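Here's a solo chain for you in structure tokens, the form deposited in one PDB entry.
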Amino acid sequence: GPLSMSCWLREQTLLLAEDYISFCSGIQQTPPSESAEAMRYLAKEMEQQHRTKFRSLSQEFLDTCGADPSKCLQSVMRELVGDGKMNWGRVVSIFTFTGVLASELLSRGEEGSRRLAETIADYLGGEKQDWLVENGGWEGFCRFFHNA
């Protein structure tokens, strides 16, 4: 139905990804939601824990997949998740990577964000719909943050 569960999750994911991309692209606003406060903290924390690997994958991605960043990104996301139990940590890694892309892009030029956020929303809100719901939605992410 209109604004079903999948729709609400997709929209929420989309705007969370638009926030983090903005956050990494030199924009400074208070977090628009609790989930955004959580992601900004956890995604940047994960970046510092692996800065060279994310920066290296990001540069390679930009230098290889300029033709269509979206379809490469879909593959990257699948490989970030891998074959094991999915978890909020894996989800965070998706945001981290895309935020590093966004910042490296701005150091070089400028706006693929619109493309990137939708691609994230389609993958998590669409493909991984079942895991997201099973794990409480973005509310469950906020709980994961308030105990991490």
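C-alpha atoms forming the largest set that superposes within 1.5 Å between two forms make up the rigid core. Each residue number is its position in the shown sequence, starting from 1.
The same protein also has a form solved in complex with a partner chain, omitted here; what follows describes it.
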Self-check item: Option touching the partner chain, based on a heavy atom within 4.5 Å in the bound PDB entry, out of 70, 64, 29, 33
Solution: 64
Quiz item: All three of 46, 80 and 93 touching the partner chain in the bound PDB entry at 4.5 Å, heavy atom to heavy atom?
Solution: yes
Quiz item: Any of the heavy atoms of residue 97 lying within 4.5 Å of the partner chain in the bound PDB entry?
Solution: yes
Practice problem: Give a yes or no for residue 57: in the bound PDB entry, does one of its heavy atoms lie within 4.5 Å of a heavy atom belonging to the partner chain? | Solution: yes
Quiz item: Does any heavy atom of residue 120 come within 4.5 Å of a heavy atom of the partner chain in the bound PDB entry?
Solution: no
Quiz item: Is residue 116 close enough to touch the partner chain in the bound PDB entry, meaning at least one heavy atom pair within 4.5 Å?
Solution: no
Quiz prompt | Displaced residue between this form and the one not shown, judged on C-alpha after the rigid core is fitted, out of 26, 89, 32, 82 (threshold 2 Å or more) | solution = 82
